[PDB]
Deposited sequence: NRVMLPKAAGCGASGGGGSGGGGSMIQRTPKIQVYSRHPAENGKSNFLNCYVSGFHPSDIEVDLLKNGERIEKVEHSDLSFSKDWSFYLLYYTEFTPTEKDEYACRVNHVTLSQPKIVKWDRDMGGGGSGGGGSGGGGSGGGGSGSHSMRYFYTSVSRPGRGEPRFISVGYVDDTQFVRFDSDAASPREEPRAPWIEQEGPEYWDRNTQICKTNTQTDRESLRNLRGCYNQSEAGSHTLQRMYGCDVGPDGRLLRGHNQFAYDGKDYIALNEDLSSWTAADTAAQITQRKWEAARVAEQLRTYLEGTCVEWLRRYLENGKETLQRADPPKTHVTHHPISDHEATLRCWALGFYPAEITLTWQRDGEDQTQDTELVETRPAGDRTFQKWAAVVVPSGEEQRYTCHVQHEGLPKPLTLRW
């Protein structure tokens, strides 16, 4: 259940970070001809949020592709999963084509075939002005751990808080009407906040800017609050955050300090603390119980090692983790028991599309010395860490 958020203050009386997308193209399951599968293109770590993604087959654009609702990572960078059902063959070449302001031409990536008891609730808000093209777009999503359960999109035909997980559907009309109202109000707040922030930085009304907000709570196995959060970013960078004491603020610069003093005088922190200690944890406990059959089940990783020769003198060992939930995992390579921190390559953890996640860690090793390396796997669905070799 959401909370009403305060408005950023105007200043009366300067940097844009651009991150280019990471792109991973992969199937949900190990690919086997004839058997239907899912082709995924995961685009992550990008900023700003506008992006164009096509799945290609032998160079041709695939229609019907779906994608996830826009959300972002802890560093404020955005991620999206684009996916389609497909049946691979031997000589069909699949690819993902991505365009973004950081790319001087579209980038094509081919498909290369070769628990704990603690829980979190988060709401993620993205508001993007579009000068000359109407009002800002507002998209927000709610998660319990790594499971999305609501979305709101101000560009939907009828903007509403919408269910996105089966266990939320049982909530009555009061729940949907109330949280819709908070969204529609949080919409107009962020709209005035975008205007105020533009003025604080003397920015032109001709340019697009991004407001991102996150709040929610962490609970332990017994249901008690472990930590509350309420963060605010402008153009992909920290702006103002509620501190861990839920009673003071950290402001990034002199503009954000004006907002800090406004929220201090209005006692915003006290209102947020009341929400985080009460409503937030109370509804998180309720969701955990209503969805316990999926939300309180950790799926351990299915793990294996593959060998890919880099010529006849060295080779890549790749440690694979598949089908795990939640997403948090640690993969480490060791040589004679010592971690290969310097030489281990780690891809970003990526969604399978079926709620589970995937990751690999790779290290190049001297040929004939593969047997000295072991992959170490830590996941909350594993009673003990796993160790594997090639």
Deposited positions without coordinates, collected into consecutive stretches in sequence order: 14-22, 124-142
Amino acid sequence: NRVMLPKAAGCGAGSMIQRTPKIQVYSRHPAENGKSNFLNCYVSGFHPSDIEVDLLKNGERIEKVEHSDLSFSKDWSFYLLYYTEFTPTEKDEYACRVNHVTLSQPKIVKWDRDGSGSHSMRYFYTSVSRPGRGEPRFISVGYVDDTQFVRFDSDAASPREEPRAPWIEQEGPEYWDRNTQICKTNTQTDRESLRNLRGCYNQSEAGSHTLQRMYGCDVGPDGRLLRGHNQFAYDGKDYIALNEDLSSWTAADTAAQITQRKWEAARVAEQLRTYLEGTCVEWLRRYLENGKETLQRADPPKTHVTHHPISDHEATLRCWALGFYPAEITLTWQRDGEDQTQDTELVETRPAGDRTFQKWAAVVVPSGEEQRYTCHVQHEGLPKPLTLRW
From here on, numbers count along this sequence of modelled residues.
Per the entry, higher mean C-alpha B factor between 18-26 and 366-374: 366-374
Of 280-288 and 316-324, the one with larger mean CA B-factor: 316-324
Identity of residue with top Cα B-factor, from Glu348, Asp343, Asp50, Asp69: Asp343
C-alpha B-factor winner, where the candidates are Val268, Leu103, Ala241, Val128: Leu103
Lowest, middle or highest third - CA B-factor, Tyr201: middle
Chain thirds of CA B-factor: placement of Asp114: highest
Cα B factor band for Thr330 (lowest, middle or highest third within the chain): middle
Among modelled residues of the same chain, the CA temperature factor third for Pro309: highest
Where the record places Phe38 (Cα B-factor, split into thirds across the chain): highest
